[PDB]
Visitor: 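Structure in structure tokens, see below.
In this chain, numbering begins with 1 at the start of the sequence shown. Keep in mind that the numbers below use all heavy atoms, side chains included, and drop hydrogens, waters and symmetry copies.
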Amino acid sequence: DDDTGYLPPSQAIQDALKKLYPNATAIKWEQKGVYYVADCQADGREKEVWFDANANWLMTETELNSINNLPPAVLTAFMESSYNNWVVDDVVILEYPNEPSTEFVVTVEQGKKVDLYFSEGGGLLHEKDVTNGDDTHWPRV
């Protein structure tokens, strides 16, 4: 909005989204720091698609409904983990232009809140405490 001096994205950024995600609909844009973020629906899922000022794609976050939307190796890894008993608060996919190019993030709580980052093959890449402050996901660069 006018209150934060929002400027709409350049046509190049908009075109970059259309190329990456031709099926994207319900597109709304926002500025965050040095990024533009498209909140949209694509391929049946809610997504947030991040671009830099050069109209280069840096990350997509996709909302998943539950652990049952995780691929087999990832669901298995979660259910084998020390956190298998914890309450699940959210499940998302993070995709990036560099490796590891896909992370599945399961947010669990048992007093403390923890984001569990899994590789596609079911390996635990990160356990990040998100009990306080920013529990949101930003690009790597």
Visitor: Answer whether the closest heavy-atom distance between the side chains of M59 and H137 falls below 4.5 Å.
Guide: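 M59 vs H137: side chains touch.
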
Visitor: Looking only at non-hydrogen atoms, find the nearest pair between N84 and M79 and report the distance.
Guide: CB-O, 3.3 Å

Visitor: I want to check something: taking the side chain as every heavy atom from C-beta on, are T102 and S119 in contact at a cut-off of under 4.5 Å?
Guide: no

Visitor: Side chains of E127 and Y117 only: does a donor on one sit below 3.5 Å from an acceptor on the other?
Guide: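 No donor-acceptor contact under 3.5 Å links the two side chains.
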
Visitor: Below 4.5 Å, heavy atoms only, C-beta onward: do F51 and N56 meet side chain to side chain?
Guide: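 When only atoms from C-beta onward are counted, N56 and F51 do not touch, as no gap falls below 4.5 Å.
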
Visitor: For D134, what residues pass the side chain to side chain contact (heavy atoms under 4.5 Å, CB included) criterion, not counting sequence neighbours?
Guide: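 Side chain to side chain contact (heavy atoms under 4.5 Å, CB included) check on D134 returns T136, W138.
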
Visitor: Here's a test for you: under side chain to side chain donor-acceptor pair (under 3.5 Å), which of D115, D135, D90 qualifies with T107?
Guide: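 The passing option is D115.
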
Visitor: Is it true that a side-chain atom of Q110 and a backbone atom of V87 form a donor plus acceptor pair closer than 3.5 Å?
Guide: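 Checked: no pair found.
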
Visitor: Are the side chains of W57 and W50 in contact, using a 4.5 Å heavy-atom criterion?
Guide: no

Visitor: Hey, what do you get for CD1 (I27) to NZ (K47), rounding to the nearest 0.5 Å?
Guide: 12.5 Å

Visitor: Heavy atoms, side chains only, cut-off 4.5 Å: are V108 and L116 in contact?
Guide: yes

Visitor: Identify the two heavy atoms, one from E120 and one from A73, that lie closest to each other, and give their separation to 0.1 Å.
Guide: O-CB, 3.8 Å

Visitor: State which residues pass side chain to side chain contact (heavy atoms under 4.5 Å, CB included) with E80; sequence neighbours excluded, sorted by chain then number.
Guide: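 Side chain to side chain contact (heavy atoms under 4.5 Å, CB included) check on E80 returns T76.
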
Visitor: Going by heavy atoms in the side chains, are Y35 and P139 under 4.5 Å from each other?
Guide: yes

Visitor: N69: which residues meet the side chain to side chain contact (heavy atoms under 4.5 Å, CB included) condition with it, sequence neighbours left out?
Guide: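 Side chain to side chain contact (heavy atoms under 4.5 Å, CB included) list for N69, sorted by chain: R45, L64, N65, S66.
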
Visitor: If you compare all heavy atoms of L70 against all heavy atoms of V106, which two are closest, and at what distance to 0.1 Å?
Guide: CD1-CG2, 3.9 Å

Visitor: Check whether any side-chain N or O of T131 sits under 3.5 Å from a backbone N or O of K113 as a donor-acceptor pair, and report yes or no.
Guide: yes

Visitor: Within the distance-only criterion (no hydrogens, no angle test), does the side chain of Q14 pair as donor or acceptor with the backbone N or O of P9 below 3.5 angstrom?
Guide: yes

Visitor: Any idea which heavy atoms bring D52 and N54 closest together, and the distance?
Guide: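 For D52 and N54, the tightest heavy-atom pair comes out as OD1-N, 2.9 Å.
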
Visitor: Partners of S82 by side chain to side chain donor-acceptor pair (under 3.5 Å), sequence neighbours excluded?
Guide: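 Residues passing side chain to side chain donor-acceptor pair (under 3.5 Å) with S82: none at all.
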
Visitor: Compare every heavy atom of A24 with every heavy atom of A42, then report the nearest pair and how far apart it is.
Guide: CB-CA, 3.9 Å

Visitor: Under 4.5 Å between any side-chain heavy atoms of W29 and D39, yes or no?
Guide: no

Visitor: Pairs of donor and acceptor atoms involving the side chains of residues 91-101, under 3.5 Å and at least two apart or interchain, shall be tabulated with distances.
Guide:
unit_1	atom_1	unit_2	atom_2	d
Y96	OH	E103	OE1	2.7
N98	OD1	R140	NH1	2.9
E99	OE1	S101	N	3.1
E99	OE2	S101	OG	3.1

Visitor: Tell me every residue that passes side chain to side chain contact (heavy atoms under 4.5 Å, CB included) with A77, counting only those two or more places apart in sequence or in another chain.
Guide: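 Result, side chain to side chain contact (heavy atoms under 4.5 Å, CB included) vs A77: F118.
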
Visitor: Return the minimal non-hydrogen interatomic distance between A16 and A55, and the atom names on each side.
Guide: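 In this case the closest contact between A16 and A55 is CB-O, 3.5 Å.
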
Visitor: For a quick check under 3.5 Å, do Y36 and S10 share a side-chain donor-acceptor pair by atom type?
Guide: no

Visitor: Is there a side-chain contact between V130 and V114, using heavy atoms and a 4.5 Å cut-off?
Guide: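 The answer is no; the side chains never approach within 4.5 Å.
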
